[PDB]
Amino acid sequence: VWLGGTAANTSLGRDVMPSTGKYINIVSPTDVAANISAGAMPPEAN
Amino acid sequence: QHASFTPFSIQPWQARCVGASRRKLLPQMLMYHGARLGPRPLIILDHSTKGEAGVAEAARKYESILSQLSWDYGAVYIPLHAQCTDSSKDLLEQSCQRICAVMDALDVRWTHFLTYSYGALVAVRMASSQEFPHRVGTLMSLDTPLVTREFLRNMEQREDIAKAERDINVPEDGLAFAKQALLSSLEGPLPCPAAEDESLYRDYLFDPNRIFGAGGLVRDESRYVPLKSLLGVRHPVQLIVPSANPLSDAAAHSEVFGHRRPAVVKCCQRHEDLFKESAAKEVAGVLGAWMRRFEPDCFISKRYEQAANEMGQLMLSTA
Amino acid sequence: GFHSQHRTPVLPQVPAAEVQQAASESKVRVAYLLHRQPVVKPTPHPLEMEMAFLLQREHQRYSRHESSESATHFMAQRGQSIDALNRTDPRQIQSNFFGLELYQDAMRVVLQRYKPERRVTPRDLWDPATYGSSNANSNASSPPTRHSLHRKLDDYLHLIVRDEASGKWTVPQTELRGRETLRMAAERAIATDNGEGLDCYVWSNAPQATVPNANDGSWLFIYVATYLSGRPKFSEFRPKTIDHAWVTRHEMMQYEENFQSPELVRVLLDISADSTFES
Amino acid sequence: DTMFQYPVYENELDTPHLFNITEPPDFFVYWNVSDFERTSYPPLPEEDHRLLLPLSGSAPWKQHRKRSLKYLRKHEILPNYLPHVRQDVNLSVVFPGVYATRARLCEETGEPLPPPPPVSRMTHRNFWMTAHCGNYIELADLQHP
Amino acid sequence: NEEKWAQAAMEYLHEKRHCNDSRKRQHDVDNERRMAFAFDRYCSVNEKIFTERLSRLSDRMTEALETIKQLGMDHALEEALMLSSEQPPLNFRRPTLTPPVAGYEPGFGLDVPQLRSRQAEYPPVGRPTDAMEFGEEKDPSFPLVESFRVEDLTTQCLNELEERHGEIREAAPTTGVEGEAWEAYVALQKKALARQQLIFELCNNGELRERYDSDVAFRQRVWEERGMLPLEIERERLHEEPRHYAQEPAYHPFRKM
Amino acid sequence: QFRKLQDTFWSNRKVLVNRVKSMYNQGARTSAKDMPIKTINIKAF
Amino acid sequence: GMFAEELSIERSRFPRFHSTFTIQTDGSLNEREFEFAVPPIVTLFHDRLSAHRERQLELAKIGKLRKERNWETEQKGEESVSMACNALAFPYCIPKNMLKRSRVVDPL
Amino acid sequence: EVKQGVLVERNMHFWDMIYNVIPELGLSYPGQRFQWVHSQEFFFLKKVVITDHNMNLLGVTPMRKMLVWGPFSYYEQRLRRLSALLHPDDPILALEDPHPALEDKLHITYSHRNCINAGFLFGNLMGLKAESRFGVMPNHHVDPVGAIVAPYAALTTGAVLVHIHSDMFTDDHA
Amino acid sequence: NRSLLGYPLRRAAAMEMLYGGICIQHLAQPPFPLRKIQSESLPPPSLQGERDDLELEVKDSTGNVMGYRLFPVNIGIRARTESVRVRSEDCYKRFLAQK
Amino acid sequence: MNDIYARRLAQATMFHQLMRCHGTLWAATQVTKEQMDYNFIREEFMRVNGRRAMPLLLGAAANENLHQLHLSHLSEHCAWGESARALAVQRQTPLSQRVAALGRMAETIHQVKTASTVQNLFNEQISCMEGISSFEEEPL
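In order, the protein sequences belong to chains Al, BG, Aj, Ab, Ad, Av, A4, BC, BP and Bd. Numbered continuously in the authors' numbering, the first sequence closes out at residue 55. Numbered continuously in the authors' numbering, the second sequence closes out at residue 353. Numbered continuously in the authors' numbering, the third sequence closes out at residue 296. Numbered continuously in the authors' numbering, the fourth sequence closes out at residue 218. Numbered continuously in the authors' numbering, the fifth sequence closes out at residue 289. Numbered continuously in the authors' numbering, the sixth sequence closes out at residue 239. Numbered continuously in the authors' numbering, the seventh sequence closes out at residue 169. Numbered continuously in the authors' numbering, the eighth sequence closes out at residue 349. Numbered continuously in the authors' numbering, the ninth sequence closes out at residue 133. Numbered continuously in the authors' numbering, the tenth sequence closes out at residue 140.
Structure below.
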């Protein structure tokens, strides 16, 4: 498991960096967004 | 054991291995110092040649060093015609096809060179030019400068000023200041260790009317050779330095041709004391020590005896 | 990197009982060009030596195991022995490498006795002087006699002979009979023309070259073979020899004036061997 | 390295590198105090396009006008503010820019810097001082007609 | 104690992928780039001369063969077109770094009979044709076997090779120069086998043979569907390719001082 | 982690060759494919 | 496979190679390199041409040095098979109308 | 540093120091601009900004250079979206205390209004009028003299800050 | 045209194969080919994209996290929460002064 | 300084091997109607000569026999014997073969340790280079 990726590099306003190389062997924000163990964070959390 | 140079002509039976298109360009007079020519000799190039009268005299200069140094293969002098009005680009290429026609007729590849003068340029043009490196084994120059410092800095600045001229981002202050910086130092030609090639350097090669257009900015060195080709040669090139005020600053040699300290002759103070038979012993010592590095006999024998002595050490360490 | 014939079979050839009318009528001749191996490897270029330095340093630094200087050093570091005498220290291992004392004595003997053979022959040190005096006085100069096989160990030396009647330089030839093949023709040529005094290895099966003779209406098949060892006695050559020559790829163009056909030199050059390939 | 590459465009007429910003990948970034006076405009392209005659059969003009129309669509001029755009003529609106970063004054007097001579012919030095489709020009150089 | 020997031996086997040397700097890396370029520029002449010389050689031998085809010995053809299967002999000698010296018997007459033992070679070699000779249902003429037993060999070799290739492509991917070298090797093997079963298909079926012969497009498309396709080798670089600023390698630059 | 991981190996291989021998005494001729170690030759054990 | 400034030499394969002068049985010596610790100037027995001289010796024991003729070998072996191939070239085999011949043997 | 009892300048090669502290930047494999942690022992280091005045006219390649010019946005700049979320007492600055009050207080820490009011109090107390010239002796940027008092005094009231020669400690550049 | 492996193969491996297993020929690799990005293929500039590209930590419902990292650690947590609430109150009041 | 020698002697070997294999190739080009030219020849030599050696811990790698056919033995140059590392490319390093044998469980530990002796591995390598070996004409 080599932990690396182009995620650490800050990209402002649109990410034009090649997208196949974003996160390597690291959980994405999408991967934690579809996997959370809580449920239905309240409407006042907005 | 002082030994003169015997004049020689390539016979027509040897002339056939040279192609018929270039069979015109191998010369009338050649020379052999050694009794035997070997598969590859030391080949000596010198200043420009008008007729054979100057050749005979030019011979003598190298005669002392060559006689002091014994090469089984010995040495061959190839003279070089001064110029031809017909072709502007004729010169270095004429020398090209000529020297390699001579090497083809003598059935000689892989050759060590010596030059005091213009021929060295030619030899670089051998090594620097593609498809003629396989002929030049080793180039040696006695005092002849291939490259100088001021060419290095000024050409650096020319490249950078080209890039900057193309870039919009660079402000006009720095650009104009860089231009006045280049115009403040304009390259003077190579120092010439030949009495007859000064006219050649000033007239043909390095005349300021041609070599740089849009003066001091865009330099066309296509007449001689560009900088990238100079920097691109890894052929071993040894520079000889007299032990007092020299030509050929070796900083530039050690930057371009590689990191190797130029062999310094102790006996000499300046050049023109190279060709006297006082310093000829040291010079031929250096030459011989440099020759025997690349001859398979010498270094195979050398490494054999090192291995043998190492085993001897193992043998007396055994008991 | 030689292979040995492991289980590999070799097929002979067949003297077809049909007597070939063309081989009788039209003249088909088989010629053999006999070359010797270079005894020694080609001498290198200093570029090659310097890049050898470079590659040695880089394999030095990028080796599979870096800090350990060998397999022996590696296993000795880990306290384990590869050697048959189960020795760890590498110096005492390379001191008596084979564990035989008689071999050690052989080593001492070779250490005092042996010297490497200098690799340059006195043959190929050439004289411009005597030979240019020969050329000046006679006004015509022919290439020095290449009769010697020991001449230069670097390249491929070939065999060129001259028909005594023809008076011109030519590869050894033999006429082809009715039933036998081209391989067999070449083989009987080498064998019977040298009188079984040659170990002659032959590379190929098919003939190498073909040259026309309109004046003879004949095809000549040039055929390349390697000379291993033997005593090449040339008095037995039926097609009338005067001189032989051992000839590098280079000077076969030198031989062209006293050569029988201009086409023959070009073709022979094409299928002549070379050790370098820079020309 | 197809996944690791710094973004390279072929048409910078939008000067996207000022807007879409990607971090310098290098662990050692070199920042002087000198580079504050360096205007960071995109490099001069090959095929300078404003020289092109807008011939209907000319390929470079075709690809340029489709580029311009796509730029007009991504900045939402074309559908929105200006619904029908016939692209006929090759237009260049150029400004007499000195490439000076901020607004300056005169050191000799304390006056505003005098209006520059209006540009006669287009040059390469003039190229980013034009109006392209989408690009950025400093306010300090837009001060004159 | 034998198992720890085995462990250290395993340790000797394993190749580690290790970083670049920290003692490397910009100038010596750059000048080894330089030296590599000089050397390639040097070997250019050798390799193009070698290339065109091989070309000329094959031209000469091709016209020889068509000569003997033209003269009408059709027997001589088909005994000349079988491979001469005998190797160079045991006196066919290595060109050797030095010449042999005068009167050398090994050890100058010192015999150690232990060292002259002839020994095994590992691994033991066996080749797909060995099942056809030394296995069950042997052929009476082995170099001379009938066609279909060769065809079965082709069809089983395509499958077993394909399988092995897939397996090692899964377990051990390799990229870069050695990677491309290996993939090229496998591709070439497949090409060979493919063209073998192709010529079987052409030599049993005469109709497909003559329809193949009749036009060109059909030839190259049949080549296409069977995997016979040329190998593109990119051109020889003599100089440095000029770089865009994005052309930097993916690591931190080498330390200049 | 690594040390005990690599010790586990030498444990399990001597275990499995012991079980190979204890399958070879009962005369079960085990093919090379249904063995997990699929280059294994039992005659060498 | 990624672009690297350093030259691409196939790294981390060749473990270590120590060169050694090896004296062949003809007295000529080469230099060949190995993986482990090797002493220099090794006197080599059991060489190629030594084995050749051994084979010549044991063919002299039988008497088979002379020659083996294929041209004046006049054998009538002719057996024409319809479909046959040369198995010795497997990559390019061909279905020729062939002629049967025995391989030559030399027992030793 | 001290030569012959006399203070002499030395050019300390700080590059060596960085590569001594972080050895792992030398071992460079051709994936490693992009690994997540550049040094496993300092995992919070992401970029190092090297500042040296290189007098070449050509700019550096944009992948080692940070973009300092032009509009950074389209719709609004994010700095004033951020500055609403910042409070004037948020500490931003830290300086050494060469004589620490206690063992614990190492670098005493400054905020927005600390600096601003230090500068304004100094600028008000002495007297400072616009475009009047206001000098600082060097090597004071590490203590609140040239770091805090001076430049903020120059900022708050109209003045012109002036730096004398880059350093002090030798007679020549004194 | 097409190749049997699909990409033009580099000379290193080639000359390595026909001089069997030897790389002394081209070892200085050319740099990789570029992929050009179409700048007009990009979507129109969005406001929300401009809002969140900075990725601030203040949009968390757990509290003002950015506030915690700008605040001293020397305070007990239950007295620190009602502290950070006070600074996030003053930022609001000031925001309203601005407005 | 071996590989440099190795490819020169390989270039010497290539046309000599070409002379013998040209008949076969030429026969093959009138049936397949392919083109006989250098681009064919060299891709014929590449498949014979370059044969990559694998980790050998795979076992699948060791199993590949295609390189050792009779034509492939008869077109291959002698370059590999000259340089140890080309040998290490085509075959592998002679110790690394044999330990790989016990890695794939194809050999006992003891019989590997038996043959893996330095003294052995010197001899088998020189034998292999020169073309001397043991023949078992009957395998199994």
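Note that CB positions come from ideal geometry on N, CA and C, so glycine has one too.
| Query | Result |
| --- | --- |
| Where does residue 25 (chain BG) sit, in a helix, a strand or coil, going by DSSP? | Residue 25 (chain BG) is absent from the model: chain BG starts at 35 and stops at 353. |
| Do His-20 (chain Aj) and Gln-119 (chain Ad) come within 8 Å of each other at the CB atom, strictly closer than that value? | yes |
| Flag this pair as yes or no: are the beta carbons of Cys-189 (chain Ad) and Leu-230 (chain Ad) separated by less than 8 Å? | no |
| When you compare the CB positions of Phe-309 (chain BC) and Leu-182 (chain BC), do they come within less than 8 Å of one another, or not? | no |
| Is the CB of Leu-21 (chain Al) under 8 Å away from at least one CB in chain Ab? | yes |
| How about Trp-201 (chain Ab): is its C-beta nearer than 8 Å to some C-beta of chain BC? | no |
| Whose CA, out of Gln-78 (chain Ab), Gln-136 (chain Ab), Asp-214 (chain Ab), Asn-105 (chain Ab), lies closest to the CA of residue 14 (chain BP)? | Any question about residue 14 (chain BP) goes unanswered here, given that chain BP covers just 35 to 133. |
| Since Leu-140 (chain BG) sits in a beta bridge, which residues does DSSP pair it with? | None, per the DSSP bridge assignment. |
| Report buried or exposed for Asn-154 (chain Aj), applying the criterion of at least 16 other Cβ atoms within 10 angstroms of its Cβ. | exposed |
| With DSSP run on the structure shown, which of helix, strand or coil describes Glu-329 (chain BG)? | coil |
| Skipping 5 residues on each side, what residues in its chain have a beta carbon closer than 8 Å to that of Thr-202 (chain Av)? | none |
| Is the region 195-211 of chain BG touching the region 150-168 of chain BG, taking contact as three or more C-beta pairs under 8 Å? | no |
| In three-state terms, what does DSSP make of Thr-207 (chain Ad)? | coil |
| What three-state label does DSSP hand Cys-217 (chain Aj) in the structure shown? | strand |
| Measuring CB to CB, does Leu-119 (chain Aj) end up less than 8 Å from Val-144 (chain Ad)? | yes |
| Ignore the nearest five residues each way along the sequence and tell me which others in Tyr-32 (chain Al)'s own chain have a CB closer than 6 Å to its CB. | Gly-14, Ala-16 |
| Return no unless some Cβ of chain Ad is closer than 8 Å to the Cβ of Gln-59 (chain BP). | yes |
| Would you say the beta carbon of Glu-129 (chain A4) is closer than 7 Å to some non-hydrogen atom of the ligand PLP? | Among the components modelled here there is no ligand, and therefore nothing to report on the ligand PLP. |
| Are the beta-carbon atoms belonging to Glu-306 (chain BG) and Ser-82 (chain BG) less than 8 Å from one another? | no |
| Going by the CB atoms, is the gap between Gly-247 (chain Aj) and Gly-214 (chain Aj) shorter than 8 Å? | yes |
| DSSP state of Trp-104 (chain Ab), grouped into three classes? | coil |
| Is the distance from the Cβ of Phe-250 (chain Ad) to the Cβ of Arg-243 (chain Ad) below 8 Å? | yes |
| With 7 Å as the C-beta to C-beta threshold (strictly closer), list the residues of the region 110-125 of chain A4 near chain Ad in chain order. | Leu-110, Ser-111, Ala-112, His-113, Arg-116 |
| Look at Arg-138 (chain Ab) and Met-195 (chain Ab) and say whether their C-beta atoms are less than 8 Å apart. | no |
| Cα-Cα, which of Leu-220 (chain Ad), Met-289 (chain Ad), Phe-286 (chain Ad), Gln-279 (chain Ad) is closest to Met-63 (chain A4)? | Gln-279 (chain Ad) |
| Does the Cβ-Cβ distance between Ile-239 (chain Aj) and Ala-40 (chain Aj) come in under 8 Å? | no |
| Give me the chain BG residues within the contact set of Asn-123 (chain Ad), using Cβ-Cβ distance strictly less than 7 Å, ordered along the chain. | Here the premise fails: no neighbours, minimum Cβ distance about 25 Å. |
| With a 10 Å radius around its C-beta and 16 neighbouring C-beta atoms as the bar for buried, classify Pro-78 (chain BP) as buried or exposed. | exposed |
| Leaving out the 5 sequence neighbours to the left and right, which residues in its chain are closer than 8 Å to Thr-83 (chain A4) when beta-carbon positions are compared? | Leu-90, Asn-91, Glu-92, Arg-93, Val-103, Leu-105 |
| Does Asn-131 (chain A4) come within less than 8 Å of chain Ad when only Cβ atoms are used? | no |
| Which class does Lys-222 (chain BC) belong to by DSSP, given the choice of helix, strand or coil? | coil |
| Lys-58 (chain Aj) versus chain Ad: which residues are under 8 Å apart at the beta carbon? | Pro-127, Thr-128, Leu-129 |
| Can you check whether the C-beta of residue 26 (chain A4) is within less than 8 Å of a C-beta belonging to chain BP? | Residue coverage of chain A4 in this structure runs from 62 to 169, which leaves residue 26 (chain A4) outside it and unanswerable. |
| What residue ranges within the region 141-198 of chain Aj form continuous alpha helix (DSSP H) runs of no fewer than 4 residues, ordered along the chain? | 145-155 |
| How is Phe-251 (chain Aj) classed by DSSP in three states: helix, strand or coil? | helix |
| Suppose you measure from the CA of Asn-18 (chain Al) to the CA of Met-189 (chain BG); what does that come to, to the nearest Å? | 38 Å |
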